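Take a look at the structure below.
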Amino acid sequence: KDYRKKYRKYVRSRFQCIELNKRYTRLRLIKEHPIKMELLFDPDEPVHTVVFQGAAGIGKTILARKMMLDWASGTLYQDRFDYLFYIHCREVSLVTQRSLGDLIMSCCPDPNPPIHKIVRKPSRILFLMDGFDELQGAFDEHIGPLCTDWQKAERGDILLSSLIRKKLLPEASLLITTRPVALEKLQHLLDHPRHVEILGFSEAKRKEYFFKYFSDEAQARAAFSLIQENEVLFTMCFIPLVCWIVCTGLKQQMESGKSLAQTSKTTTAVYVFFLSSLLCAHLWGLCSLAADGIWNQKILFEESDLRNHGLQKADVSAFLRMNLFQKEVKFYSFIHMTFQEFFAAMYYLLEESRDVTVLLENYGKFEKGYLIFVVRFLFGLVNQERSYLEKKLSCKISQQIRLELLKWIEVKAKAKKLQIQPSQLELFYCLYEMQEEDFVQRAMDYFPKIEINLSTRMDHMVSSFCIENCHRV
Ligand SMILES: CC(C)(O)c1csc(S(=O)(=O)NC(=O)Nc2c(-c3cccc(Cl)c3Cl)ccc3c2CCC3)c1
Ligand SMILES: Nc1ncnc2c1ncn2[C@@H]1O[C@H](COP(=O)(O)OP(=O)(O)O)[C@@H](O)[C@H]1O
């Protein structure tokens, strides 16, 4: 345990704040579809593979980092593990060749760590695979041949396919967080996995977060009230990212005299609500970036990367960094993947914006990025009656794109469901964004018979909005 102490200290160092350790709200977990974190690995004969289905922005990354902090502070798995390695998939190549040791040695504080004494005992090692989806580039069952040597340098996709199929440190423990969609690629790999669902806050712990954001007990009460009276923002705030998006927007209108109000009905109109809360001159550049980034599988941007797309004289430094960027290690990423997809979407709808027919030929593909929010938003945006920023929008070029989205929904509504995505519900979400009734009802035609997969009460809404638009008398 000479080095174990040094390693644990380093882990407390990196994982002590989300991006201190204070505003964390207990997210809801459900096994076999309420599990204590410690009890996860315990047998039903022990477990070597856990997977957290997590919706984007539900705090899967935070919940991970917390497990790291708690263990790194002796709170949980003191007895079960000697080492927890946090792998941020976002960062790791899938083409680069590397060894399990090379990948491991990066997790460590010092430069030449005792790697051979770490692997000594793998039954005491847990890898935290954070955002299996955030992996950039293709991934397919086809990949081979599978590796069996930790010291051997395969290219990332092989190496991980080998680690996940438990061929590399078989009796390692492994905890993968992932988006629901990316479960299709990953389901086959898993060695007898234990599935867990991150659900986000409850109604209670929805309250809890507001009074953890709002320093003043009154400013907190007045700004949770909005969200009971509003229906969308209540349903919509079981999700933590929204909660933040919402309360960072209730805080400069907490600055101004504007008696608090957000009458937002759609996800797009909440992003755009918050997007405006932080307000132009370099607007074109951001959207330029995100849409090369999504297309070219880059979630992390270097300074150099930035100077090309725009900010030729220190725009990012002041204008954007405040709330729309995060700096990692010298490299920069958007405060969330979604906001990237947004500007990537929003990039196709502006004053002189590329070809849209391209995007749709490959919707729901892993390697080009799922493009869930790429699509989903630019229905809620292209919407004619849906602002101020509405200006930067090209009024004329909008119903260029609006007229093909309907061609593509039509295709997808009544096929043999060749592709998995879009599952009907996603099209409903596309449709609840594109709030224009006439467009919705017309699309509703194309569905012969509908099919519901309702988990949460947000699902219930988006669905039950579209249902009545269906009727053809
Ligand atoms: C059905 C299918 C396949 O479209 C789907 C299922 S979850 C995903 S996702 O991985 O894209 N995650 C999200 O969309 N998360 C969401 C959802 C949401 C939508 C639908 C289901 C659920 Cl549970 C949630 Cl939280 C609603 C609002 C916001 C976010 C993040 C930004 C604000 C897609
Ligand atoms: N348990 C939590 N307590 C407080 N805020 C949270 C929590 N979970 C998520 N958040 C908020 O959501 C944001 C994004 O969460 P993150 O885990 O990065 O999402 P994902 O991993 O699904 O992309 C965080 O920056 C934080 O503001």
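Semi-axis lengths, largest first, of the ellipsoid equivalent to the chain are 37, 26, 24 Å, with √(5λ) applied to each eigenvalue of the Cα gyration tensor. One equal scatterer on each Cα of segment 280-320, no solvent, Debye formula: the resulting log10 I(q)/I(0) at q = 0.13, 0.23 Å⁻¹ is -0.24, -0.73. Taking the Cα centre of segment 188-339 as reference, the dipole from Cβ charges on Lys and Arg (+1) and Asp and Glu (-1) amounts to some 180 debye.
Can you tell me the mean projection area, over all orientations, of the convex hull of segment 203-263's alpha carbons? Units nm², please.
Details: hull surface 14.8 nm².
Seen from a random direction, the Cα hull of segment 203-263 projects 3.7 nm² on average.
Both the radius of gyration and Dmax for segment 55-159 are 14.7, 41 Å, in that order, over alpha-carbon atoms. Choose one of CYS147, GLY101, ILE164: the residue whose Cα lies farthest towards the positive end of the charge dipole of the chain (beta-carbon charges +1 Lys, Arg; -1 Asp, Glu; about the Cα centre). Going by the Cα projections, it comes out as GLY101. Over all Cα atoms in segment 368-462, the spread is summed up by Rg and Dmax: 13.8, 42 Å.
Under 1.5 on a/c is rounded, so check that first for segment 70-128, then, if it is not, pick prolate when a/b is larger than b/c and oblate when it is not; a ≥ b ≥ c are the square roots of the alpha carbon gyration tensor eigenvalues. Write out the running numbers ahead of the final one.
On the way: a/c = 2.05, a/b = 1.52, b/c = 1.35.
Prolate, because a/c is 1.5 or more and a/b exceeds b/c.
Taking only the Cα atoms of segment 218-343, the radius of gyration and Dmax are 16.1, 46 Å. In a Debye calculation with equal point scatterers on the alpha-carbon sites of segment 2-200 and no solvent, what is log10 I(q)/I(0) at q = 0.07, 0.12, 0.14 Å⁻¹? The Debye formula, applied to the Cα set alone, gives -0.18, -0.57, -0.80.
Loop-only check: which trypsin sites (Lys or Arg not before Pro) in segment 423-473 are DSSP coil with at most 13 other Cβ within 10 angstrom? Sites meeting the loop and neighbour criteria: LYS449, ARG472.
Go through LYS5/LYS166; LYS185/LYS417; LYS368/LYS412; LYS167/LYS330; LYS5/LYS121 and tell me which ones have a Cα-Cα distance over 23 Å in this structure.
Working: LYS5/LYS166 27 Å; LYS185/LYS417 17 Å; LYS368/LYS412 19 Å; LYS167/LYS330 35 Å; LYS5/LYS121 16 Å.
Beyond 23 Å between Cα atoms: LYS5/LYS166; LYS167/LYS330.
Across segment 421-471, the convex hull enclosing all Cα atoms gives 72 Å³ per residue. The Cα atoms of segment 292-359 give a gyration tensor whose axes a ≥ b ≥ c have a/c of 1.5 or more with a/b greater than b/c, which makes the shape prolate. Roughly how far apart, in whole Å, are the Cα centres of segment 120-176 and segment 277-342? Measuring centre to centre over Cα atoms gives 31 Å. Mind checking which of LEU27, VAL440, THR235 is farthest towards the positive end of the chain's charge dipole, using Cβ charges of +1 (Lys, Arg) and -1 (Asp, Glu) about the Cα centre? Comparing the listed Cα positions along the dipole, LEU27 ranks first. Here's the picture: charge each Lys and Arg Cβ at +1 and each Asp and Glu Cβ at -1 in segment 311-410, and of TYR388, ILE409, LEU311 the one pushed furthest to the positive end of that dipole is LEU311. Projected label points at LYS36 and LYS251, each 7 Å from Cα along the beta carbon direction, are separated by 3.4 nanometres.
The shape of segment 4-114 comes out rounded: with a ≥ b ≥ c from the C-alpha gyration tensor, a/c is under 1.5.
Could you size up the charge dipole of the chain around its Cα centre, putting +1 on the beta carbon of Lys and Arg and -1 on that of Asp and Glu, and report it in debye to the nearest 20?
Numbers: 64 positive and 57 negative charges, 273 e Å.
Result for the chain is approximately 1320 debye, rounded to the nearest 20.
Report the equivalent ellipsoid semi-axes for segment 42-96 in whole Å, largest first, defined as the square roots of five times the eigenvalues of the gyration tensor built from alpha carbon atoms. Working shown, then result.
Details: eigenvalues 96, 46, 42 Å².
Equivalent ellipsoid semi-axes, largest first: 22, 15, 15 Å.
Only helical runs count toward this figure. For the chain, summing -39,500 (n - 2.57) over DSSP H runs of n ≥ 4 and dividing by all residues gives -12000 deg cm²/dmol at 222 nm.
Each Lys and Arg Cβ is given +1 and each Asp and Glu Cβ -1; about its Cα centre, segment 2-200 then shows a dipole of about 880 debye.
Backbone-built Cβ (ideal geometry, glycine too); neighbour counts: all protein chains shown. No value in this document is a laboratory result; all are computed from the given coordinates.
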